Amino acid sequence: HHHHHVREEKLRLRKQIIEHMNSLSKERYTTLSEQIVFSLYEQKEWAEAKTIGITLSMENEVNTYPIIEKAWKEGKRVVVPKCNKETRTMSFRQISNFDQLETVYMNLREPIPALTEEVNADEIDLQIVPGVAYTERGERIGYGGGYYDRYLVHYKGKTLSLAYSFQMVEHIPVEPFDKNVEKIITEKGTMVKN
């Protein structure tokens, strides 16, 4: 229960799940990503959202590119974050096409400020929240920046996360600032806060 025990457990779990994700075959990535998103589009909060906030997936993370395409097809407004590393804040900005993105390093894609419009949190109906590991309780370990933990303080709309079932864990050592998500969709079903 010492502070280091907590931080070391988070790094340990983050490391272990990332390693597992990276080991996923191409077949598993493709099939599981397909299943998870098919289940997303059946959700009431998808159908009803007129503006959706989402991240651009990397490596073997559940594939969000098809989700953005579907949202565009359905006439939904799509917003993606630009992170400010100094303030640890996110500016969700609308994208109508993938040419409004730039690579802000190696594999990390963000909306080009000059070509995109910031959208206020109170205008975003659903936030699809990225992450590394989760519990049945909606608890969440991300990548270590604490961006969503900070953002979710002021965001009052609906939240959900997409996850492979192996990203589900029994216990996460949550700190007072860790924010939970309302729903998790895996290839096996959904975990909901009631």
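Residues carry their position along the shown sequence, with the first being 1.
Novice: Pick between 106-114 and 93-101: the one whose mean CA B-factor in the entry is higher.
Specialist: The deposited B-factors put 106-114 ahead on the C-alpha mean.
Novice: Where does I124 sit by CA temperature factor within its chain: lowest, middle or highest third?
Specialist: It falls in the middle third of the chain.
Novice: Split the chain's modelled residues into thirds by Cα B-factor; is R137 in the lowest, middle or highest one?
Specialist: Tercile = highest for this residue's CA B-factor.
Novice: Considering every modelled residue of the chain and its Cα B-factor in the PDB entry, is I36 in the lowest, middle or highest third?
Specialist: Tercile = lowest for this residue's CA B-factor.
Novice: Sorting by Cα B-factor within the chain, modelled residues only, which third would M168 end up in: lowest, middle or highest?
Specialist: Its C-alpha B-factor, which the entry lists for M168, ranks in the highest third among residues of this chain.
Novice: Using the B-factor values recorded in the entry, state whether the Cα atom of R150 falls in the lowest, middle or highest third among the modelled residues of its chain.
Specialist: For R150, whose C-alpha B-factor we compare with every modelled residue in the chain, the answer is the middle third.
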